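*Asks:* This one is an experimental structure. Sequence first:
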Amino acid sequence: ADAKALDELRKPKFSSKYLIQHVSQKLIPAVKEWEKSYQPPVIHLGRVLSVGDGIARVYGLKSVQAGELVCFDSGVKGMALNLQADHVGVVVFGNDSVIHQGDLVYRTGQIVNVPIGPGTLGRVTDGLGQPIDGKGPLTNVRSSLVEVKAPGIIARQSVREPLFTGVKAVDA
Amino acid sequence: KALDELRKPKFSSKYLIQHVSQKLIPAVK
Amino acid sequence: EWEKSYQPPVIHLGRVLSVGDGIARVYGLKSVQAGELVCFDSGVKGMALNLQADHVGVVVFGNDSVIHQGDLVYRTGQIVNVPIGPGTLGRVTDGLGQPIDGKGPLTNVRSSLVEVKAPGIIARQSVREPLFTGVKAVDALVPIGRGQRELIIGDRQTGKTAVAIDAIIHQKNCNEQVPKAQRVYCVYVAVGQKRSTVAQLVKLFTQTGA
Amino acid sequence: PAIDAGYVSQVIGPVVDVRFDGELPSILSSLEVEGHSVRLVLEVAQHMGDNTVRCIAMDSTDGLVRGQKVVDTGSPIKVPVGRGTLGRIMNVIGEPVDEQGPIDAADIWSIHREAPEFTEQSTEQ
Amino acid sequence: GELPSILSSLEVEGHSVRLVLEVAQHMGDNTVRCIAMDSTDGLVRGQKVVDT
Amino acid sequence: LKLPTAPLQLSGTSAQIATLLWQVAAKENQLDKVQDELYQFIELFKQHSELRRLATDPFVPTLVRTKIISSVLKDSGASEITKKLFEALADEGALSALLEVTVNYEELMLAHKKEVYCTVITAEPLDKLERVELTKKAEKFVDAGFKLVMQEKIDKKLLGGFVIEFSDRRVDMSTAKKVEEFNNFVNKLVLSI
Amino acid sequence: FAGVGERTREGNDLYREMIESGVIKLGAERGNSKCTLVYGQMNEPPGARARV
Ligand SMILES: Nc1ncnc2c1ncn2[C@@H]1O[C@H](COP(=O)(O)OP(=O)(O)OP(=O)(O)O)[C@@H](O)[C@H]1O
Ligand SMILES: [Mg+2]
C-alpha cells in the first residue's frame, strides 16, 4: 500500500452516496445513546494509556514540551521523557501504584523545576523540592530548572580560593 | 489533511485475519 | 552483429522506502534475485541481501547520503561480479574490482562472480608441492603446501602482516628462478585497514618488485 | 513556504523526528528548529520512510513541542574555516563561544566530506 | 469497567483453591497484568475475577 | 471451502483482509458494489469526527465501538459484505485499517479489469501511425491479454524512439540510450582487441 | 585543538595558558594566532559531542 496510492484517497471517488447520507442522519443519534460510556475526549489534557514499572504512556497532551513536569490528577508529578506520535511516555516521580489507566494527566507548562532561593536554606526536601521536614512550605523561594546546561569556557576562571575542609589529611 | 490520523493502522492482534475470516465468509448467501 | 541483435531489456524499478546506516529498504523490485547488484539513481550501487514480502533490504556500496526516500532503484540483472584475469596483476583495486591506483581501466580482464562454489572432492588432489614463505620459523616448523590454507593468528601488534608480506616478497624471489608454470601470483586483500597503511605496502611491493 | 519547512513529529532525547510533507532533506543535512529558546540545529541521520526524517539534535531538546516548525537549510553543518578562525573558540556548529565577536570566515565548509583517495596518500616517515 | 490499582488484590472466582492475583501493571486496552500467589494450572480465559 | 483465486498476491494484515474481502465479493459478483461501499467510508471519515473517533481513540469501549457501527449499518447500504466487514473490524478495533484495506482492494480490482496503466514518453508529439505502431510494440510487454492504457509525454532529451514507464518496470527503446549502449559496446570492444 | 567530551575546566585552562604564552592573541593581533580551538565538552548533549 503505497503512500502515492494512499494520497489519492483524499480525493472523493465514491460516485454514489447512498449510505453517506444514510448514516450521517443516523450517526449522531447512535452516538448520543452511548454517552454514559464515553469518557470525555482529550486533546490538550492527557489520559493514561498504560502505567507500569514507573513509566506511564499518556494519550493526548498535544502541546507538552519534551522534559516537562506533568501532573497526574492524583497529584503525582511526572516528566514527559519521550513525546511519540501516538502517546507521550512520562516518567513518574513517585509510586505508580496510584496511577490508573484512564487517569487525567495535566500539563503544567514548565520544564521540571525545583524551588531555589534563600528560603530553601535550612530545609529538608525530597528529590523534587517538596519539603519533608514538616515545617511548612518553602517560602521566600522561586522556581528554576533542574537541567540547566553548565557554564561554558568563557564563563569560568581557574580556582584560586582554598575551601577548607577541616580534615588534616584533606587540607594538607 | 483531516484523514492523516488513519494513515497507518495499529492492531492489537497478530491473528486479526482469523477473526475477520470467520465473519466475512459466512456472510455470503 | 551487436546492432542486428539488440533488444533494449525491460528494467525492473523500485522505490526507496527508507534509507539510513547504509541500508535502503526498497519497495517493489519484484523480480530481483538474492545477492543481485542493483543500481540507485544516484549512481551508487547496492546488493539485494534479504528479499522480504513487503520490501527488499539493499546494502549500499558507498555513502548512503545521496539516497532519498522515493528514489528509483534499478536492478542490473546480474549477481555481484569482479574483473578477473592477468590485467589485474600490478593493480590496486577496491572491494569490487574498480582500480584505485589512478592508472585507468583494467585492460585485459574479464568479469566473473565473487560467490563461486568451491571445488568438490573429485576436483582436488593432495597438497604436495611446498609453498616457501622465506620465513624459516615457518618453513622449518610449520611448513605450508600449495593449496593449504594457513591461519596467521596473533595479538594486536605481533608480526602478522610481516609474515604475510614476507610470503609475498619471497614469491618474487622464486618466480625469477622457477619455470613459468610453477610461479605463484599473490593477492593481498586489505580489509578495514588504513588507506595509508596500504599505500605503504604498494610502495614496498614496488621497490621490491613484487 | 510550508513545503521544505517540516514539523517535529516525535522527540526522544537527543533524537528528533521531523515530518516533511514534500521533498525531504538529504541525510547529513542541517535543519533549524524555529522558536526554540536557543539555536537548535538538527542533523538528518535517516529517512524513516513515511515522509519522516530522523534527526540528531546538536543542543538540548528540552522544550520541543510536537508540531514545531523545522526549517531545512539544504546543506550540512557548515562551520567557518580559514585563517580567521585562528585564535577563536568554536562549538560543534561553528559558533564563537569566546565572546570576541563574529568569526572572520574565508570560507564555510560542511563538516561532512569523504576521505582523501588512495592516490592522494603520503608515504613519508 | 474501571481497572484495579497496581498492587491491588484480585480473587479468581471459581477455582480449586483460593487463587489471589496481585496487579503488577496496567497494560492498556483495559487489561491488567497480574502475578499469581498460587498455581495457575486449571485457569480458563474468561473466568470471573473479583477485585477486592 | 475454496474461494475465487486472487489476481495478485499481497502482503499481510491489511492487504490480507483485502485479499479475502475481494474473494467474498467475487463470489456474489459484488466486486464493484463493495468498492464504492469502501469509498463512501473513506469519505465518511472525512466528514464525521465521532466516526473517526471509533478508529483512533483507544478509550472508547469496545462494546460501544461494535454497537455504533452495527447500529448505523442497518436498513440501508448494507451489501452484507461491507456490513459484516466493518462490524468485524470494529470488534478488534481495526477500523483504522479501512484506508489501506481500500488501497490494496483497488490493486486487486485494477488487476482484475486487466488494465496495465502505462506511460509512453517520446521525443516529439505522436502522429496517428506512430501511436498504432508503438502500441503494437508495447503490447508485447504486458504479461497477459492486458489492456494497456498508454499515457503520452514529451522529452526531447530522447532523440527519437520511446521509453515506456510501467511504474513497476521500464523498457527504454529510445535512441539516446541506443547511442549510449552503442558507445559503451564500442569502447568495451576496442579495449579487448 | 578539538576538545571532544572532556572537562570544560580543561578547555578554559588551555585557552588561558595559550593566551599567556602568546599562541592565541586577542583583539587586533588575532591574525598572529597559531591555534584554533573547537570544543564539544562533556556538558554537551550526545549529538554535539558526536559531531564536534
Ligand atoms: N620479523 C620481525 N623482525 C623485526 N621486527 C618486526 C618483525 N615483524 C614485525 N616487526 C615489527 O613489528 C611491528 C608490527 O608488525 P605488523 O605490522 O606485522 O603488526 P601486525 O601483526 O600486522 O599488527 P597490525 O595488523 O595491528 O598492524 C612492525 O612495525 C614491524 O616493524
Ligand atoms: Mg597488520
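*Replies:* Received, thanks. Numbering: from 1, shown residues only, chains lettered A, B, ... in the order given. Ligands and ions are numbered 1, 2, ... in the order given.

*Asks:* Kindly format the C-alpha coordinates of stretch C:21-40 as PDB.
*Replies:* The C-alpha coordinates for stretch C:21-40 follow below in PDB (Å, rounded to 0.1, in the frame of the first residue of the first chain):
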ATOM      1  CA  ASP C  21      23.100   3.500   8.000                       C
ATOM      2  CA  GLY C  22      24.000   2.100   4.600                       C
ATOM      3  CA  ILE C  23      20.700   0.100   4.300                       C
ATOM      4  CA  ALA C  24      18.000   1.100   1.900                       C
ATOM      5  CA  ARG C  25      14.600  -0.600   2.100                       C
ATOM      6  CA  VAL C  26      13.300  -0.800  -1.400                       C
ATOM      7  CA  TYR C  27       9.600  -1.200  -2.400                       C
ATOM      8  CA  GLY C  28       9.000  -3.200  -5.500                       C
ATOM      9  CA  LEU C  29      11.800  -4.800  -7.400                       C
ATOM     10  CA  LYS C  30       9.700  -7.900  -7.600                       C
ATOM     11  CA  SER C  31      11.900 -10.000  -9.900                       C
ATOM     12  CA  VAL C  32      15.200  -9.200  -8.100                       C
ATOM     13  CA  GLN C  33      17.500 -12.100  -7.200                       C
ATOM     14  CA  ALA C  34      19.100 -12.700  -3.800                       C
ATOM     15  CA  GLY C  35      22.600 -11.200  -3.900                       C
ATOM     16  CA  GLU C  36      21.900  -9.300  -7.100                       C
ATOM     17  CA  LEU C  37      23.600  -6.000  -7.800                       C
ATOM     18  CA  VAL C  38      21.100  -3.100  -8.000                       C
ATOM     19  CA  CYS C  39      21.700   0.500  -9.100                       C
ATOM     20  CA  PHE C  40      20.300   3.500  -7.400                       C
END
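
*Asks:* Determine if any part of that stretch is in contact with chain G.
*Replies:* No. Remark: stretch C:21-40 sits outside contact range of chain G, by CB under 8 Å from any CB of the partner chain, the gap being at least 14.2 Å. (C-beta placed from N, C-alpha, C; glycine too.)

*Asks:* quick one, longest helix in chain G?
*Replies:* Here the longest helix in chain G is taken by residue count, with DSSP state H as the criterion, and it is helix G:8-20.

*Asks:* show me where the chain has helices.
*Replies:* I went with chain A, as the question did not name one. So, for chain A - with DSSP H - the helices run A:3-7, A:20-24, A:27-32, A:168-171.

*Asks:* nope, chain G please
*Replies:* Listed in chain order (using DSSP H), the helices of chain G are G:8-20, G:46-51.

*Asks:* among those helices, which is nearest residue D:98?
*Replies:* Taking CB to CB as the criterion, residue D:98 comes closest to helix G:8-20 out of the helices of chain G, the separation being 7.4 Å.

*Asks:* Who are the packing partners of the closest one?
*Replies:* Under the contact criterion of 3 or more CB pairs under 8 Å, 6 or more residues apart in numbering or on different chains; DSSP states H and E, helix G:8-20 touches strand G:2-4, strand G:37-40.

*Asks:* which outside residues touch it?
*Replies:* The contact list for helix G:8-20 (CB atoms under 8 Å, 6 or more residues apart in numbering or on different chains) reads A:150-154, A:156-158, D:89, D:98, G:1, G:3, G:24-26, G:35, G:37, G:39, G:41-43.

*Asks:* Return the residues of chain C in contact with chain G.
*Replies:* If contact is defined as CB under 8 Å from any CB, none of the residues of chain C are in contact with chain G.

*Asks:* Mind listing the strands the helix or strand hosting residue D:17 pairs with, and their directions?
*Replies:* Per DSSP states H and E, residue D:17 falls inside strand D:15-19. Strand D:15-19 has the following sheet partners, assigned by DSSP bridges: strand D:5-12 (antiparallel), strand D:52-57 (antiparallel).

*Asks:* Other residues contacting that strand?
*Replies:* The contact list for strand D:15-19 (CB under 8 Å, 6+ apart) reads A:85, D:6-11, D:31, D:33, D:42, D:45, D:48, D:50-57, D:61, D:64, D:70.

*Asks:* From the residues you listed, keep the buried residues only.
*Replies:* The neighbour-count test (16 or more other CB atoms under 10 Å in any protein chain shown) applied to those identifies D:6-11, D:31, D:33, D:42, D:45, D:48, D:50-57, D:61, D:64, D:70 as buried.
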